[PDB]
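First comes one chain, alone, set out as structure tokens in the form deposited in one PDB entry.
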């Protein structure tokens, strides 16, 4: 509820759906999202959004073009079923986002951000093309804000990100319990990234 802005934004949520987060802890991540959403004019007109929980392949719950009232979204976002799988390919969800989310460029004047909630580390066999994706994304003016969480956050990937571009600022949290803490600060940095929006 603190500070809260509204802008031309295409915000993508990528939630780690690995076991490195208890079901109980998944909820605290989901909460984090629902808040992030509230602090933003939800509509395919100002701020579009998408929620994807990953591990083996992506699980799209919301899409930028999905037309549903804000109330409706926030709900769905919160009803995202816990996965708890053992693996969560970060390389995969980014390969996915690069080609299945930001393939074409509809709203060219808006900013794009791929909030990447990492809580684990993907099996190295899957990172072969990681960088490609981050590059191909940046090439599409997509900004990636990795948000490490807990002792198993893949820092090298959060670091490789930070340095692919300036806006790729990272954020680390000892746990899910620390999101409600950083929430505001984060959604801030976002505000300062995208162009103002008229009511």
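Positions refer to the first chain, counted from 1.
In what follows, reference is made to the form deposited with a partner chain bound, a form of this protein that is not presented.
- Heavy atoms of residue 136 reach within 4.5 Å of its partner chain in the bound PDB entry, making it an interface residue.
- At the 4.5 Å threshold, heavy atoms of residue 131 reach its partner chain in the bound PDB entry.
- Contact annotation for residue 31: none of its heavy atoms lies within 4.5 Å of its partner chain in the bound PDB entry.
- Mapping the unseen interface onto this chain, residue 64 falls outside it, with no heavy atom inside 4.5 Å of its partner chain in the bound PDB entry.
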